[PDB]
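Two forms, one protein chain; structure tokens for each follow separately as structure 1 and structure 2.
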Structure 1
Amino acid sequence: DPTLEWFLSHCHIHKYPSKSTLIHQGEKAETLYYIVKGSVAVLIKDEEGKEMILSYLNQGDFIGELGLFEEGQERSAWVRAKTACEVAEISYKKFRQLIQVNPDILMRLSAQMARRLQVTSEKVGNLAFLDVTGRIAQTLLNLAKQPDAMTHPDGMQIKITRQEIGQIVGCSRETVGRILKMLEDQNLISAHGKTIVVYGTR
């Protein structure tokens, strides 16, 4: 992407060793980040040292967007390297100058936000929907470890139709295909016809 390269060439590129902390909750927000490689966890820590993960962000995602539109904000949360990371940084002021010169870089930042909203809104429904989603996920992990599963470079590959999944967990063909699609979008599987690759099953 030329609009991205052109953006990058105005940024300071920083390398974060894995599990180092890029952002501390409470600090003044002045920098926009973009992830060149690697991945991060957005998280919250209580006073006892218990964590909750709010979000994972990966290559292509920005971090800090809201701070671009609301000057003088504190960091809402910590951000931690989930793997070694390369991360491009630019000040909010400088990014605001790039915007005036090239409205495209803001469309890139906005699209990236829209796709994150779309992907997470595929999971949303009521408690019966979460229940059926969980039972599908659990079926896919079980199948991944049965003797008919095949070793695949990304995980384990299995063969099963939407109809059979629906009979195992009790829902329609349609509700199954909706949930496998939410799962691919979460990058937890890839699916083509009846071939499903379940990622990360060793």
Structure 2
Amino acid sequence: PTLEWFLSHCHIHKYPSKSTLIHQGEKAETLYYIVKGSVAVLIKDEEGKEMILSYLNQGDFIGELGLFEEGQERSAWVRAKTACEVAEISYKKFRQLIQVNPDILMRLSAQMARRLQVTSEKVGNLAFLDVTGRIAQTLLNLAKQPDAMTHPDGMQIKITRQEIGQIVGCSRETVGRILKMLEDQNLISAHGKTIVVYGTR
């Protein structure tokens, strides 16, 4: 009912898999709703290396943060992961639809709320950032060395908690906590004395 009404006001596009729906830096004037399929939100570095921030799926909106600004540009790339059917609608026109039936905005807002509910907003204090940075730096320096090992997800390195702690000036209590964090953030995997530093080469 609500969704079908909403969908009739959208342009519904098909994107085959691997195609790019949204360029970072593009003008943000539209809202998207995923009718079917999945897309990756991603960023790239100065060499084209890629980091996938998340997948969005059927029932998800894309670009909803733009609805509340005035004309900022897209902050990331969006690329079809499977063949996708994406409803698109101008922010301007969506602002009018919300008046006829706030229920679709209540859906968009629930998504933001769920998202926010699973995101840490807490950062640590400056000493914590500082020591997180030293570790990250240590990992990356290691991954650059001639005897770094190759791995399917980046370079792999051999180094212990103790060794990092001493290199960097902190406890294992502290090496462990940061490494687990980095792992939960999808930047590394660490098993035993081995760490895979993702996207190094």
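One-based numbering along structure 1's sequence throughout. Just so we're on the same page, rigid core means the largest C-alpha set that superposes within 1.5 Å between forms. Shifts are known only where both forms have a C-alpha.
When each C-alpha is placed with whichever rigid part superposes it better, residue 191 ends up apart from residue 92 in the two-part motion between the two structures.
Comparing the two forms between the two structures, the rotation angle of the smaller rigid part against the larger comes to 61°. Fit the two forms on the rigid core and the C-alpha of residue 12 turns out 0.4 Å off between the two structures. Core fit done between the two structures; CA of residue 121 shifted by 6.9 Å. In the core-superposed comparison between the two structures, the CA atom of residue 156 travels 30.4 Å. Regions that shift between the two structures, defined as runs of three or more consecutive residues whose CA atoms all move by 2 angstroms or more after core superposition, reduce to a single one, 112-202.
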